[PDB]
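A.B. asks: One structure coming up, written as C-alpha cells, with questions to follow.
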Amino acid sequence: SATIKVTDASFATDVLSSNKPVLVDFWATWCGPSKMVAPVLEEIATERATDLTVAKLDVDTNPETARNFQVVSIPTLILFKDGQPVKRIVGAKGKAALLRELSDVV
C-alpha cells in the first residue's frame with residue numbers, strides 16, 4: 001500500500017503533526033462502501049504521494065479518534081492541514097469528485 005495505517009496511539013504524530021496535508025479515511029469492515037473507497041484512495045495515495053499523505057483509521061479498533069472527530073457515518077474522510085481538519089467528506093463520492101475536493105486545498 002501507498003496509504004499509511006494510523007491508530008489511536010499514532011494519530012497525533014502521524015496526522016496531526018504532519019508537515020503536509022493528510023487525507024484520513026475512517027472506515028469499517030461492516031461498511032460496504034468502505035470497499036469502494038479503498039482502491040480509489042490507493043490510487044490517489046500513489047498519484048499524489050509528493051503532495052498528500054493518505055491514512056486509514058479502522059474505527060472497529062480505534063474508537064477514540066472516531067469519537068474525537070465526531071465520526072458518525074462511514075465512510076468519512078477528513079483532510080487535515082497543520083493539525084486542523086479543513087474538509088469533511090461523508091460517503092463514497094468517487095475518484096473524480098475526491099480529486100476536485102483535493103484540487104484547491106492541496
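Residue numbering restarts at 1 for every chain of the C-alpha cells, chains are lettered A, B, ... in their displayed order, and ligands are numbered from 1 as they appear.
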Based on the backbone DSSP call, show me all residues of chain A assigned strand (DSSP E or B), as a PyMOL selection string.
C.D. replies: chain A and resi 4-5+22-27+53-58+76-81+84-90
A.B. asks: DSSP on the backbone: which residues in chain A end up as alpha helix (DSSP H)? Give the answer as a PyMOL selection string.
C.D. replies: chain A and resi 11+34-47+63-68+95-103
A.B. asks: Fewer than 3 positions away in the same chain doesn't count, so skip those; otherwise give me all residues within 7 Å of residue 42 (chain A), counting only C-alpha atoms, as a PyMOL selection string.
C.D. replies: chain A and resi 1-3+38-39+45-46
A.B. asks: Please write the residues from the selection above to a file, keeping N, CA, C and O atoms, as a short mmCIF file (atom, residue, chain, number, x, y, z; two decimals), in the first residue's frame.
C.D. replies:
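Saved the output as out03.cif:
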data_model
loop_
_atom_site.label_atom_id
_atom_site.label_comp_id
_atom_site.auth_asym_id
_atom_site.auth_seq_id
_atom_site.Cartn_x
_atom_site.Cartn_y
_atom_site.Cartn_z
N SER A 1 0.78 -1.28 0.00
CA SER A 1 0.00 0.00 0.00
C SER A 1 0.80 1.31 0.00
O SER A 1 1.85 1.44 0.59
N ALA A 2 0.25 2.32 -0.67
CA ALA A 2 0.75 3.65 -0.66
C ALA A 2 0.06 4.49 0.47
O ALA A 2 0.47 5.59 0.77
N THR A 3 -1.00 3.94 1.02
CA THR A 3 -1.66 4.65 2.19
C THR A 3 -0.90 4.23 3.47
O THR A 3 -0.15 3.26 3.45
N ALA A 38 -11.68 2.12 -0.86
CA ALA A 38 -10.31 1.67 -0.66
C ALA A 38 -9.45 1.73 -1.94
O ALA A 38 -8.35 2.33 -1.87
N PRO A 39 -9.93 1.13 -3.06
CA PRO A 39 -8.99 1.19 -4.25
C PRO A 39 -8.86 2.58 -4.82
O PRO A 39 -7.77 2.90 -5.37
N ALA A 45 -3.31 7.92 -3.36
CA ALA A 45 -2.11 7.96 -2.50
C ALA A 45 -0.87 7.81 -3.41
O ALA A 45 0.13 8.48 -3.14
N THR A 46 -0.95 6.93 -4.40
CA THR A 46 0.20 6.70 -5.31
C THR A 46 0.43 7.91 -6.21
O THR A 46 1.60 8.44 -6.36
#
A.B. asks: If you take only C-alpha atoms and a cut-off of 8 Å, which residues of region 36-64 of chain A touch region 24-29 of chain A, and what are their nearest atom pairs and distances in Å to one decimal, in chain and number order, as CSV?
C.D. replies:
residue,atom,partner,partner_atom,distance
A:54,CA,A:24,CA,6.0
A:55,CA,A:24,CA,4.7
A:56,CA,A:25,CA,4.7
A:57,CA,A:26,CA,5.0
A:58,CA,A:27,CA,5.2
A:59,CA,A:28,CA,5.8
A:60,CA,A:28,CA,6.0
A.B. asks: For the residues selected in the previous step, produce a file with N, CA, C and O atoms as a compact mmCIF listing (two decimals), in the first residue's frame.
C.D. replies:
# COMPACT_ATOMS: atom_id res chain seq x y z
N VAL A 54 -2.08 9.86 2.54
CA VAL A 54 -3.46 9.26 2.71
C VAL A 54 -3.36 8.20 3.84
O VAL A 54 -2.56 7.27 3.76
N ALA A 55 -4.22 8.37 4.88
CA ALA A 55 -4.12 7.46 6.04
C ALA A 55 -5.45 6.77 6.21
O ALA A 55 -6.46 7.37 5.86
N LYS A 56 -5.38 5.57 6.77
CA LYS A 56 -6.63 4.81 7.03
C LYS A 56 -6.71 4.54 8.54
O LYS A 56 -5.75 4.06 9.13
N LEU A 57 -7.90 4.85 9.03
CA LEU A 57 -8.16 4.64 10.52
C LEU A 57 -9.36 3.68 10.63
O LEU A 57 -10.49 4.06 10.21
N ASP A 58 -9.11 2.44 11.08
CA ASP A 58 -10.22 1.45 11.20
C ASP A 58 -10.97 1.79 12.49
O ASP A 58 -10.43 1.62 13.58
N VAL A 59 -12.22 2.17 12.36
CA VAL A 59 -12.95 2.63 13.55
C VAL A 59 -13.27 1.39 14.39
O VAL A 59 -13.48 1.62 15.62
N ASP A 60 -13.22 0.19 13.86
CA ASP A 60 -13.52 -1.01 14.63
C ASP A 60 -12.53 -1.19 15.78
O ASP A 60 -12.82 -1.88 16.72
A.B. asks: Of the residues A:68, A:93, A:62, A:100, which is the one nearest to residue 10 (chain A), using only C-alpha atoms?
C.D. replies: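 Of the candidates, the smallest distance to residue 10 (chain A) is held by A:62.
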A.B. asks: Which is closest to residue 7 (chain A) among A:40, A:52, A:66, A:22, if we use only C-alpha atoms?
C.D. replies: A:66
A.B. asks: With distances taken over only C-alpha atoms, which of A:37, A:23, A:32, A:48 is nearest to residue 88 (chain A)?
C.D. replies: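 Closest to residue 88 (chain A), using only C-alpha atoms: A:23.
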A.B. asks: Could you tell me how far CA of residue 5 (chain A) sits from CA of residue 63 (chain A), in Å to one decimal place?
C.D. replies: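 It comes out at 14.6 Å.
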A.B. asks: Residues within 10 Å of residue 36 (chain A), please, as number ranges by chain. Count only C-alpha atoms; anything in the same chain fewer than 6 positions from it doesn't count.
C.D. replies: A: 75, 92-94
